[PDB]
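Everything on this sheet refers to the single structure shown next.
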Amino acid sequence: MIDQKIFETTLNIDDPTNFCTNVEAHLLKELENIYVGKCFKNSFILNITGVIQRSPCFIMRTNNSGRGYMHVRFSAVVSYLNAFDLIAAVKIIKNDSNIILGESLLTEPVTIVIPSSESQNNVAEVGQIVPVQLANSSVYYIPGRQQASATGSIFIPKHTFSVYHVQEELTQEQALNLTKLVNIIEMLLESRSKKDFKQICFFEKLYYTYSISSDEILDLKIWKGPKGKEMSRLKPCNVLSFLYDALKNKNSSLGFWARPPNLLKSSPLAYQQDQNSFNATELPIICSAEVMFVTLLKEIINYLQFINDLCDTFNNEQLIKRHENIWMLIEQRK
Amino acid sequence: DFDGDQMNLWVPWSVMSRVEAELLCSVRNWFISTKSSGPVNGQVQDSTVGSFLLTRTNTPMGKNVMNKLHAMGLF
Ligand SMILES: [Mg+2]
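Chains as they are written, first to last, in PDB author numbering: chain F, 1 to 334; chain A, 457 to 531.
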């Protein structure tokens, strides 16, 4: 997840006379040099946006250097990676590190640590690209480092799911929060439509959970079209459409929600059922509809980002075949 | 006094200290005593009696006068 975070810092101004000739430009350049490309305060900082507040260029009191410091408050574009987050492109660097190490080549620099105890790895040699699912271990943003540090497993579609029992209604402020979230998903869906469709079909079939879902049947461009395939059980609902009509304040959400593995993960579809008709291996969780919509919406966000980056990085069929030892492995573990 | 006293002397080298030393800590600021509000310095011993001898009216020789050459030599 990329985002914007407001930071606070104190600079050191070696030449206050030359610095003040253009305060804002020099301040922005100093901030960009210092903080871009390095994680700082539990965020990665991809790009420095203009400053919000700053102090007058003071003079260093406790030394005869004559330099100034000046305090700066600024906002920056930060990439924060979470648990269960989906990363679609990871390069293996070394096999001598038997614990297995990788380096993500997406827009968010992360160095991944895929444990070798699981047998689904140690099959990927050095130089090939394979996606990773981030485990529940928290991404470590050690300050000053050029990239995030995290541990995660090679993605298997994980045919498990969670049912959600709602007991609180949405308010208009929460409605606006999830409407910003669906704005994000609309951007992602437009990006998906902009790609060469057959690659999304292939990657979606590969990471679909239950069965191979027969054949090419039921085109799945998804964008502005609630089309889908498989159709295992129960009538689904469009979480997006539920959102906009909830923004119109019609529908209540006081029900049981789930996205079982039979659904297409990148689709905005889900099931709203009144009395828990799902075959859950877990107890329903009793909490508010803001939690449910946040969780499902960001699940869709990371699944669709996953497929988008997989389609983007695999622009040609030769690269897929170069990493052939992963595709048949995942097809084995369906 | 000069009976064997030793006093420390350090020369500032930093620009901030050098600017400070001449502007703030110069001895001209300690001419007037902070303690007593009066002057600290003046003539002592050789000059306190020297000022009296110079400015007294009559010497044992006569009137306390000097010719031009010795008046010039005082300066
Ligand atoms: Mg003495």
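Note that CB positions come from ideal geometry on N, CA and C, so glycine has one too.
With a CB to CB cut of under 6 Å and the five nearest residues on each side skipped, what residues in its chain are close to residue 78(F)?
-> Here residue 78(F) corresponds to residue number 78 of the first sequence, with the count starting at 1. For residue 78(F), where only same-chain residues beyond five positions count, the Cβ hits under 6 Å are 3, 5, 43, 44 and 45.
Residue 3(F) in three-state terms, based on DSSP = Taking the first residue of the first sequence as 1, we reach residue 3(F) at position 3. Residue 3(F): strand per DSSP, three-state reduction.
Excluding the 5 residues preceding and the 5 following residue 91(F) in the sequence, name in chain order all residues of the same chain whose CB lies nearer than 8 Å to its CB.
-> In the first sequence, the residue the question calls residue 91(F) occupies position 91. Hits under 8 Å: 102, 103, 104, 105, 127, 128 and 129.
Determine which residues share a DSSP beta bridge with residue 165(F) and list them.
-> To locate residue 165(F), count along the first sequence from 1; it is residue 165. 256(F) and 286(F), per the DSSP bridge assignment.
Roughly how many angstroms lie between the CA atoms of residue 529(A) and residue 523(A), to the nearest whole one?
-> Within the second sequence, numbered from 1, the residue matching residue 529(A) stands at position 73. Within the second sequence, numbered from 1, the residue matching residue 523(A) stands at position 67. Each residue's Cα considered, the two are about 10 Å apart.
Take residue 302(F) and list the residues in its own chain whose beta-carbon comes closer than 7 Å to its own, dropping the five residues that flank it on each side.
-> Reading the first sequence from its first residue, position 302 is the one you call residue 302(F). Counting only Cβ-Cβ distances below 7 Å, and skipping sequence neighbours, we find 85 and 86.
Residue 471(A) vs residue 486(A) beta-carbon contact at 9 Å | Along the second sequence, one-based indexing puts residue 471(A) at 15. Along the second sequence, one-based indexing puts residue 486(A) at 30. Cβ distance not < 9 Å, so residue 471(A) and residue 486(A) don't count as in contact.
Would you check whether ligand 1 has a heavy atom nearer than 8 Å to the C-beta of residue 461(A)?
-> Here residue 461(A) corresponds to residue number 5 of the second sequence, with the count starting at 1. Correct: residue 461(A) has its Cβ closer than 8 Å to ligand 1.
Mind checking residue 133(F): buried by the 16 CB within 10 Å criterion, or exposed?
-> Within the first sequence, residue 133(F) is the residue found at index 133, counting from 1. Buried: at least 16 other Cβ atoms inside 10 Å.
Would you check whether ligand 1 has a heavy atom nearer than 8 Å to the C-beta of residue 457(A)?
-> Locating residue 457(A) in the second sequence gives position 1, where the first residue counts as 1. Checking every heavy atom of ligand 1 against the Cβ of residue 457(A), one is found closer than 8 Å.
Residue 470(A) touches chain F at which residues, Cβ-Cβ below 7 Å?
-> The sequence position of residue 470(A) within the second sequence is 14, counting from 1. The answer, in chain order, is 64.
Note down, in chain order, all residues in the segment 462-486 of chain A with a beta-carbon under 9 Å from any beta-carbon belonging to chain F.
-> 470, 471, 472 and 473
To which residues of the same chain is residue 146(F) closer than 7 Å at the C-beta, ignoring the five residues directly before and after it?
-> Within the first sequence, the letter at position 146 stands for residue 146(F). Closer than 7 Å at Cβ, skipping near neighbours: 37, 38 and 109.
Could you tell me whether the segment 59-73 of chain F touches the segment 7-21 of chain F, using the rule of 3 or more Cβ pairs below 8 Å?
-> yes
DSSP state of residue 202(F), grouped into three classes?
-> Taking the first residue of the first sequence as position 1, residue 202(F) is located at position 202. Residue 202(F): helix per DSSP, three-state reduction.
Helix, strand or coil: which one does DSSP assign to residue 209(F)?
-> On the first sequence, position 209 is the one that residue 209(F) refers to. Coil, per DSSP.
Residues near residue 118(F) by beta carbon distance below 7 Å, same chain, minus five either side = Indexing the first sequence from 1 puts residue 118(F) at position 118. Excluding residues within five positions, the ones whose Cβ falls inside 7 Å are 153.
How big is the Cα-Cα spacing for residue 306(F) and residue 75(F)?
-> As a position in the first sequence, residue 306(F) is number 306, starting the count at 1. As a position in the first sequence, residue 75(F) is number 75, starting the count at 1. Taking the straight line from one Cα to the other gives about 27 Å.
Beta-carbon proximity check, residue 166(F) vs residue 253(F), cutoff 9 Å | Numbered from its first residue, the first sequence carries residue 166(F) at position 166. Numbered from its first residue, the first sequence carries residue 253(F) at position 253. In contact: residue 166(F) and residue 253(F) (Cβ atoms closer than 9 Å).
Taking all protein chains shown into account, decide if residue 501(A) is buried (16 or more other Cβ within 10 angstroms of its Cβ) or exposed.
-> The residue labelled residue 501(A) in the question sits at position 45 within the second sequence. Counting Cβ neighbours within 10 Å, residue 501(A) comes out exposed, since fewer than 16 surround it.
Classify residue 529(A) as helix, strand or coil using the three-state DSSP reduction.
-> Position 73 of the second sequence holds residue 529(A). Helix at residue 529(A).
Within 10 angstroms of the Cβ of residue 226(F), are there 16 or more other Cβ atoms? Answer buried if so, exposed if not.
-> Here residue 226(F) corresponds to residue number 226 of the first sequence, with the count starting at 1. Its Cβ having fewer than 16 others within 10 Å, residue 226(F) is exposed.
Measure the CB-CB distance between residue 271(F) and residue 235(F) and report whether it falls below 9 Å.
-> If you number the first sequence from 1, residue 271(F) lands on position 271. If you number the first sequence from 1, residue 235(F) lands on position 235. Cβ distance < 9 Å, so residue 271(F) and residue 235(F) count as in contact.
Provide the residue(s) that pair with residue 152(F) in DSSP beta bridges, ordered along the chain.
-> On the first sequence, position 152 is the one that residue 152(F) refers to. Looking at the DSSP assignment, residue 152(F) forms a beta bridge with 134(F).
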